[PDB]
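Order of the sequence lines sets the chain letters (A, B, ...), proteins ahead of strands, with each chain counted from 1. Every heavy atom of this structure was used, including side-chain atoms; hydrogens, water molecules and symmetry mates were not.
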Amino acid sequence: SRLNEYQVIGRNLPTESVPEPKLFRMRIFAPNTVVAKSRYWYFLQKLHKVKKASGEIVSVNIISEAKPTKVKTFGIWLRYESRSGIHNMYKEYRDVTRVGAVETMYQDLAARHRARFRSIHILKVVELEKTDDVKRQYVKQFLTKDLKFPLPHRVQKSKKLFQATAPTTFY
Amino acid sequence: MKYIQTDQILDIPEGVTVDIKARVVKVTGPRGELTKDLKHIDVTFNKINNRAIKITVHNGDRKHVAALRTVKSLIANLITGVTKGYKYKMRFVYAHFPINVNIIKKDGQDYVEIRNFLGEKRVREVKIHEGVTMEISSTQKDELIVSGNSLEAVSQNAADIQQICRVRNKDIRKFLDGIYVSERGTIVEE
Amino acid sequence: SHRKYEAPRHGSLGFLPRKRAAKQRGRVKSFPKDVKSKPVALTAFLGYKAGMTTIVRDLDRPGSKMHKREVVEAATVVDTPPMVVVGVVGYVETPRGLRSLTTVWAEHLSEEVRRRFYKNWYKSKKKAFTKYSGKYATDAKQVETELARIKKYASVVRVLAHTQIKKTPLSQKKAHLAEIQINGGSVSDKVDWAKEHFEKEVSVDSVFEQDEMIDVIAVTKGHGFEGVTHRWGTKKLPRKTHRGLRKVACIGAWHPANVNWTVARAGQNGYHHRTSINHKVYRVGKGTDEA
Amino acid sequence: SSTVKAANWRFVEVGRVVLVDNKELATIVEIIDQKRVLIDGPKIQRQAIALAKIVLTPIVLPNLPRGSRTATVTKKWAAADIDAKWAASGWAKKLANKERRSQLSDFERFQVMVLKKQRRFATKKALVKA
Amino acid sequence: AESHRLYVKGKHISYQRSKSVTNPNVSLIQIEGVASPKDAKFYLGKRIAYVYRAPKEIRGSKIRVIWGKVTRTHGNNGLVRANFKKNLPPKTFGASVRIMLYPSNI
Amino acid sequence: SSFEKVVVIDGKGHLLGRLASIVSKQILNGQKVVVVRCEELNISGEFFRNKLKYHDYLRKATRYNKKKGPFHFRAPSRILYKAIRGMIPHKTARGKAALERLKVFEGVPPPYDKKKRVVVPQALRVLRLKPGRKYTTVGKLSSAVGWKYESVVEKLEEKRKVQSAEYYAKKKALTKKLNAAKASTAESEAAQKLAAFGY
RNA sequence: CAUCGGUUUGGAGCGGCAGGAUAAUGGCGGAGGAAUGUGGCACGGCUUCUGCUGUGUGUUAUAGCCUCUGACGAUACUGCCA
RNA sequence: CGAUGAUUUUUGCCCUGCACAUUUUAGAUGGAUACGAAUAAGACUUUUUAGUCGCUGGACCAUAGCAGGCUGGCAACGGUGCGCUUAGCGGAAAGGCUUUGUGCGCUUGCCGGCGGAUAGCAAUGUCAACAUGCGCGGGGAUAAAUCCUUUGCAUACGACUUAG
């Protein structure tokens, strides 16, 4: 989707036995706060004896990128369901925002594994600080010194249906 | 994976002048000139110096990268064809019936005429490609020498001669008769 | 269900439709391919079927049981008086096929060929080719201009020739006029050859030699409306079949719910255009020879 | 010699001046992917953009380090005087002439026609004798 | 003086329609040189004339007109919806109309 | 975007179906279209694949009478015409008129050899196909299935290009002379004012 | 044609206000650090050292970058304007 | 779909210069404005090293004058329309593209004088190419086919091959 990173905090409803239950935080990549709070309860019931009916959302906050114009490399740890089983995988993405790497991930597993949004768990998104942290060659090839490349065969978009001159692709 | 860039380096010997313009390679050497069109491939060329040429593929996938070292090898074969030549030697293999091979000329064209192959009355004729020289070896009994500047033409004439002498309706493990390429080298020994 | 037993189809689907020829004069569908290195020569001739005869001949075919031995063979006589050249046509290569560019005629045409252009000759003023005959007035530059156009643009040159049917015993007075392609030499050579032969006779001995293999173009014998039994050679039905037996019993399955084009049906038999090839020339006789 | 004809492409490199929206200049400061770059300029917002949305110009801002911040890019842009180099090219001149033509009024178009008539008279007079 | 045109060239393209049902009360018009809804919004409210020839003369003239006006844009490529006093006959699909420069708001 | 009296399209290097759809919408909307050089059109996919497709097309014929069935035209212009006609409601009077607005040719016959041929960028093979893909030339596909006049068209196309080259050399020479005359009248009062107006 | 009333679709619309990490950035200042190490230095292959260049070293020099942070100043986004 | 022959002695037919009036239009309303080829390439200059052009036709040509009137001058010896006229090229469906001389106009290249109203505040406010007919004028040419009789290379009848 078009996503945002949210900080969602929730807890079990206080009881006279437990008047200050533990506060649990999750980082959720969701298009809006309605899905952000929905995804939160989805993962807490995978981890704790809690429900939306027996729990309480305490805080929902957008987490903005720290340096949105600094180019980073992200490692994303995934747990997705295929047609046959459940698999763990790790992939890497280059982007300037943490959210935009997760958006690329969702497009990428849709394209390479036919994995829908419902079939994916994001275990962890980590910015790889060191160039030695980069394991995948499809993003390591852009970390070489003095990187240059042309864009051969440029196709120019025309406003008109008919053109009176021969087409060209220089660039 | 779309490799960002892949490179190969041609090496040009001292007397050879490669010449590339719009993926049309013209290699000139002491032995003559050879030309090759590579318009079916998306490659670019950079002259590093008079002894090296860079061959590059930009943002190429696995197969388009695979087509790069073959471009290098084809141009290298052109280079070694105009400076050393190519020589394929064929040996005549027969158990009973001697194979009578002659270099004949009919209608102004050179032909290799194979007779008596496995005793057959049929006369096999193989057209000799342009730029390719056939010779019956004097130093060796039952040997044909296929030589020329173009490796592709030389090897294809050798293959024509070998393929026209195939055995039919027999156990070819037993009936091993034929004309086979025994040595693939160069005219100028190194 | 399949046929109980197999049998080949009756008749050829390559000679459909079995209709009457559009004309009685057989037309050369294809001429011999032109070779420039050869001399300029005609590729066809028109004659009249006289009759059949018998010859005796010594066979020269080694390995045959009739080798060096006399054979008795059927032969056909074709009456072929010399044809007269009266015109020339130029053809142009186009992306839609050959196209005739210009037709140049001779100055004088005989009456037998001018009757070709009439349905009622006896009631006519016989005005054909009179203004064209006037085109030759004292310089004939119109004719030379058309001939130059043919030389400049034509790739295929055909001559126009007619038979001298008055030399045959036929009571018909119309000559038969046909286009005969000229092969050999350049286009200019062909046009010069055609012009120099205007109003001249061309004999068979200048077109065909003895021992040649030639083709025959003709319209076959007409038989009128014919039933399937003789038109297509189908099997006669049993003697005890109701409503007759010279039929095809099943003219189709239930589906396709139509009669197919491949089923034998009654219709017109004979009078078809045929091209028959590889007829050997045993004799090119001469009319002046008394033997 | 060898005489190899080489491509005269424009490269995606740190220091390339690009047009954005066919109006404004920017420079590439760092490459993200085959498809995306980070661009910056004095009169544009530092942003991650796709190379399809921009056009590489024949101008390179020399000696621009990878990942340079806005202050460094602005200082080096002013030093190299990229704006003047752009404004001196036929590309920028054609863009400017297109804008100027688009701002003409009906009266100015009439004057253009009249002056064109005069210049055509002079041009034909010169052409017939040469 | 070789040109005297004061209207923009147009074409009667279609009726308003779904896949199978057409609505003759709305015509789809292509204004020449217009390729976007932003360009086509200049022409909203302008009067359209379909000029045609007829067998009978009316007051010495064989030229008749059906008048209309541009009401709204259509789609993304600069076609407009038009509303004529009498519906344009279906035979005019592909026929040229005149997009008038009035009511002017320049 | 202008309405033209006739749009003459040079069909060389154009993808068959994309050009067909664009031309179909053009002629439906009342525009006269001429497509020349239909033997230089392109279909995506290797030659063998498109030849197999045409043989699938040839398989189809009316069983009870072959003369009623589909008529498989072999000429490149007729292949383009079939592609276009499949995109037209050709069984109505309006579709029939729209098809009357169209002409397709092999080569560039008169009078179009001395007219302006345009291209259609949305249907150009060099601009549409990924640079590694294989394509077919309709002229080669037509010859492989029965078209007889390939060598006639190329002989006539070489003659036309020789004549068209003489045209261009003459036109280029007069452009050079006119440019030299416009250079002489530069920096004149009329020229300076026209430069301030953008001309 | 004008103006009105009802309904409705728009504009590259314009302005004011509020919220958020009282946006995150960026710019300016301070402190620390590293490399896809700038200058320099030491060895080299081609250069009359003509973006010459490669490999080492180390930490701003004849480029810069990253992290933390201090006082300001904006913008995005989402709402509100009777 | 092409080439070619002949096309009514009738007041009928053909070609052509006008003049007028009509029917029709799948839809004029300044101009269909002509290299070829590649596209991981094109084109300029030096030098084959390098620099420059494109990044769309929002271009080019044409465009002022009662739908464009009537007159005058200046500057140039150009531009353009029409009519004769010279020569050449074009056969893919050429039916078009050039070109010589000449004559009559116009010229907005520049500067003048006179005219337009009232169609009333819009009403397509009527201006085109193709065709046909009809009047004149100038030239030009002067047929066949079918039925019928006949034939039998044909044939159910039509049709076909012949002859008259």
Side-chain angles (χ1 to χ4, degrees), chain A residues 61-62 64-69 131 143-145 152-153 156 158-160 163-165 167-170, chain B residues 22-23 42-44 58, chain C residues 20 24 89 92 94-96 99-103 105 117 119-120 122 124-125 127-129 132 153 171-174 222 224-225 271, chain D residues 3 7 46 55 62-63 65-68 70-72 90-91 98 101-102 110 113-114 117-118 121-122 124-125 128, chain E residues 1-5 38 41 49 51-53 61 63 65 72 91-92 94-96 98 102, chain F residues 4-8 30 94 97 100 107 109-111 113-117 126 131 156 161 163-165 167-168:
Chain A
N61 304 280
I62 296 169
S64 303
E65 190 65 25
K67 302 286 164 281
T69 56
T131 311
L143 309 191
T144 77
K145 203 177 182 54
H153 197 92
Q156 295 182 36
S158 161
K159 300 289 94 175
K160 300 198 168 322
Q163 175 178 297
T165 187
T168 183
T169 58
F170 68 95
Chain B
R23 319 204 289 299
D42 284 301
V43 296
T44 179
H58 297 278
Chain C
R20 306 176 192 173
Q24 184 178 2
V89 191
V92 169
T94 74
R96 291 181 291 180
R99 193 179 74 77
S100 53
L101 183 63
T102 300
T103 301
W105 297 91
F117 317 121
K119 296 308 185 32
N120 311 274
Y122 81 112
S124 291
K125 279 73 176 175
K127 297 303 295 302
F129 283 90
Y132 191 95
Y153 296 117
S171 58
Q172 165 180 332
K173 295 166 170 172
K174 279 172 176 199
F225 207 93
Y271 202 75
Chain D
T3 302
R46 183 181 183 99
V55 193
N63 290 292
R66 168 191 59 96
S68 296
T70 306
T72 308
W91 184 352
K98 204 210 161 195
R101 278 187 185 198
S102 88
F110 176 86
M113 160 180 69
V114 171
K117 271 195 203 292
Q118 295 165 10
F121 181 79
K124 297 275 181 56
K125 198 168 160 43
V128 66
Chain E
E2 65 183 1
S3 176
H4 303 278
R5 190 162 51 84
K38 184 191 166 190
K41 267 151 190 180
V51 179
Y52 62 102
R53 293 181 184 271
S61 192
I63 294 151
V65 191
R72 45 179 301 170
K91 83 186 186 96
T92 55
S96 65
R98 314 182 163 185
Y102 52 84
Chain F
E4 315 290 344
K5 284 175 190 177
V6 187
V7 176
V8 180
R94 172 184 170 251
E100 294 293 328
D113 61 324
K114 299 189 174 68
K115 305 292 188 199
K116 179 71 186 182
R117 280 84 66 192
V126 67
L156 291 165
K161 286 166 190 164
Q163 271 146 7
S164 189
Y167 176 74
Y168 187 74

**Q** Evaluate the base stacking between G72(H) and its strand neighbour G73(H) against centres under 5.5 Å and planes under 30°, returning yes or no.
**A**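 As far as the 5.5 Å and 30° test goes, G72(H) stacks onto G73(H).
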**Q** Base, sugar-phosphate alone, or nothing: which one does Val114(D) contact when heavy atoms must sit under 4.0 Å apart?
**A**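 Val114(D): base contact, heavy atoms under 4.0 Å.
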**Q** Counting only Watson-Crick and G-U wobble pairs, both distances under 3.5 Å, are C53(H) and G137(H) paired?
**A**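 No, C53(H) does not pair with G137(H), since the Watson-Crick or G-U wobble distances are not both under 3.5 Å.
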**Q** Rounded to the nearest 0.5 Å, how far does CZ of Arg98(E) lie from CZ of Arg5(E)?
**A** 10.5 Å
**Q** In whole Å, measure the gap between the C1' atoms of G64(G) and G58(H) for me.
**A** 44 Å
**Q** Would you classify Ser61(E) as touching base, sugar-phosphate or nothing, given that sugar-phosphate means primed atoms plus P, OP1 and OP2, and contacts are heavy atoms under 4.0 Å?
**A**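 Touches a base.
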**Q** Would you compute the distance between atom CD of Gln172(C) and atom NZ of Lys174(C) and round it to the nearest 0.5 angstrom?
**A**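 So the CD of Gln172(C) and the NZ of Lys174(C) are separated by 7.5 Å.
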**Q** On a whole-Å scale, what distance lies between the P atoms belonging to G133(H) and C104(H)?
**A**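 About 40 Å, rounded to a whole number of Å.
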**Q** Side chains of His58(B) and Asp42(B): does their closest heavy-atom pair fall under 4.5 Å?
**A** no
**Q** Given the structure, is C17(G) a Watson-Crick or G-U wobble partner of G79(G) (both distances under 3.5 Å)?
**A**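 Check passed, canonical or wobble pair found.
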**Q** Can you tell me, in whole Å, how much space there is between the P of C110(H) and that of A64(H)?
**A** 12 Å
**Q** Suppose we define a pair by two distances each less than 3.5 Å, Watson-Crick or G-U wobble; what does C49(G) pair with here?
**A** none
**Q** For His4(E), which contact category applies under a 4.0 Å heavy-atom criterion: base, sugar-phosphate, or nothing?
**A** base
**Q** Quick one: on RNA chain H, does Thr168(A) or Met113(D) contact a more 5' nucleotide (nearest heavy atom)?
**A** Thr168(A)
**Q** Under 4.0 angstrom, heavy atoms only, what part of the nucleic acid is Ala1(E) near: base, sugar-phosphate, or nothing?
**A** base
**Q** Using the P atoms only, state how far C49(G) lies from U60(G), rounded to an integer number of Å.
**A**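 Their P atoms lie roughly 32 Å apart.
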**Q** Considering every strand and a 4.0 Å limit on heavy-atom distances, what is the contact class for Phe170(A): base, sugar-phosphate, or nothing?
**A**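 The answer is base, as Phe170(A) lies within the cut-off (heavy atoms under 4.0 Å) of a base atom.
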**Q** If a positive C1'-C2'-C3'-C4' torsion means north (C3'-endo side) and a negative one means south (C2'-endo side), where does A40(H) fall?
**A** south
**Q** Pairing status of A163(H) with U149(H) is requested, where a pair means Watson-Crick or G-U wobble geometry with both distances under 3.5 Å.
**A** yes
**Q** Hey, can you check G135(H) for me, is the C1'-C2'-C3'-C4' torsion putting it north or south?
**A**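 On the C3'-endo side: north.
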**Q** Could you check whether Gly94(E) gets within reach of a base, just the sugar-phosphate, or nothing at all, counting any heavy atom under 4.0 Å?
**A**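 Base contact - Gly94(E) has a heavy atom under 4.0 Å of at least one base atom.
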**Q** Need the pair for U10(H). Rule: Watson-Crick or G-U wobble, both distances under 3.5 Å, any strand; none if unpaired.
**A** none
**Q** Name the pairing partner of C84(H), where a pair is Watson-Crick or G-U wobble with both distances under 3.5 Å, or state none.
**A** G101(H)
**Q** Considering just the side-chain nitrogens and oxygens of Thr69(A), establish if one lies under 4.0 Å of OP1 or OP2 belonging to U25(G).
**A**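 So the side chain of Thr69(A) is outside the cut-off, no N or O lying under 4.0 Å from OP1 or OP2 of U25(G).
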**Q** Identify whether any heavy atom of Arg23(B) sits under 4.0 Å from a base atom; if not, whether one sits that close to sugar-phosphate; answer base, sugar-phosphate or nothing.
**A** sugar-phosphate
**Q** Would the bases of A87(H) and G88(H) meet the stacking rule of centres under 5.5 angstrom and planes under 30°?
**A** yes
**Q** Have a look at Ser158(A) and say if it touches a base, only the backbone sugar-phosphate, or nothing, with a 4.0 Å heavy-atom cut-off.
**A** base
**Q** Categorize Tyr167(F) for me: base, sugar-phosphate, or nothing, with a 4.0 angstrom heavy-atom threshold over every strand shown.
**A** base
**Q** My understanding is that a pair needs two contacts under 3.5 Å, Watson-Crick or G-U wobble. By that rule, which nucleotide pairs with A3(H)?
**A** none
**Q** Searching all strands shown, indicate the nucleotide that pairs with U126(H) (Watson-Crick or G-U wobble; both distances under 3.5 Å).
**A**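 Per the H-bond distance test, none.
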**Q** Looking at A41(H) and its strand neighbour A40(H), I'd like to know if their base rings stack, meaning the ring centres are under 5.5 Å apart and the planes differ by less than 30°.
**A** no
**Q** As an exercise, state the distance from OG of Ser68(D) to CZ of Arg46(D), rounded to the nearest 0.5 Å.
**A**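 Answer for the OG-CZ pair, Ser68(D) versus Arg46(D), is 7.5 Å.
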**Q** Which part of the nucleic acid does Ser100(C) contact within heavy-atom distance under 4.0 Å: base, sugar-phosphate only, or nothing?
**A** base
**Q** Taking all non-hydrogen atoms of both residues into account, name the closest pair between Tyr153(C) and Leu101(C) and its distance.
**A** CB-CD2, 3.5 Å
**Q** Could you tell me if the side chain of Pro167(A) sits less than 4.5 Å from the side chain of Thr169(A), heavy atoms only?
**A**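 Of all side-chain heavy-atom pairs linking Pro167(A) with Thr169(A), none is under 4.5 Å.
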**Q** How do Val55(D) and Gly107(F) order along RNA chain H: which one's closest nucleotide is nearer the 5' end?
**A** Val55(D)
**Q** Of all nucleotides in RNA chain H with an atom under 4.0 Å from a non-hydrogen atom of chain C, which is the first and which the last going 5' to 3'?
**A**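 Counting from the 5' end, contacts occupy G2(H) to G164(H).
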**Q** Tell me if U53(G) and its neighbour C52(G) stack, counting it only when ring centres are under 5.5 Å and the plane angle is under 30°.
**A** yes
**Q** What pucker, north or south, follows for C77(H) from the sign of the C1'-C2'-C3'-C4' torsion?
**A**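 Pucker flag: south.
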**Q** Sort out the partner of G56(G) for me: Watson-Crick or G-U wobble, both distances under 3.5 Å, none otherwise.
**A**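 Here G56(G) is engaged in a pair, and the nucleotide opposite it is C41(G).
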**Q** Quick one: classify the glycosidic conformation of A21(G) as syn or anti, with syn meaning within 90° of 0.
**A** syn
**Q** North (positive) or south (negative) by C1'-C2'-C3'-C4': which describes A119(H)?
**A**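 South is the answer for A119(H), its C1'-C2'-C3'-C4' torsion being negative.
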**Q** How far does the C1' atom of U25(G) sit from the matching atom of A74(G), given to the nearest Å?
**A** 10 Å
**Q** Does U16(H) have its sugar in the north or the south range once you look at the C1'-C2'-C3'-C4' torsion?
**A** north
**Q** Strictly by Watson-Crick or wobble contacts shorter than 3.5 Å, is anything paired with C68(G), and which nucleotide is it?
**A**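 Checking every strand shown, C68(G) finds its partner in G30(G), with both distances under 3.5 Å.
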**Q** For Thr144(A), which contact category applies under a 4.0 Å heavy-atom criterion: base, sugar-phosphate, or nothing?
**A** base
**Q** Would a student be right to call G33(G) and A34(G) stacked, given the definition of ring centres under 5.5 angstrom and plane angle under 30°?
**A** yes
**Q** When all nucleic acid strands are considered with a 4.0 Å heavy-atom cut-off, which category describes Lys98(D): base, sugar-phosphate, or nothing?
**A**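 Base, at least one base atom sits under 4.0 Å.
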**Q** Using a heavy-atom cut-off of 4.0 Å across all strands, would you classify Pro152(A) as base, sugar-phosphate, or nothing?
**A**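 Answer is base: heavy atoms of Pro152(A) come under 4.0 Å of a base.
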**Q** Give the ring-plane orientation class for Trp105(C) versus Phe129(C), where under 30° counts as parallel, over 60° as perpendicular and anything between as tilted.
**A** perpendicular
**Q** Go ahead and name the base partner of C66(H); Watson-Crick or wobble counts if both distances stay under 3.5 Å, otherwise write none.
**A** none
**Q** Heavy atoms under 4.0 Å, any strand shown: does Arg72(E) hit a base, just sugar-phosphate, or nothing?
**A**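 If one applies the 4.0 Å heavy-atom cut-off, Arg72(E) turns out to touch nothing in the nucleic acid.
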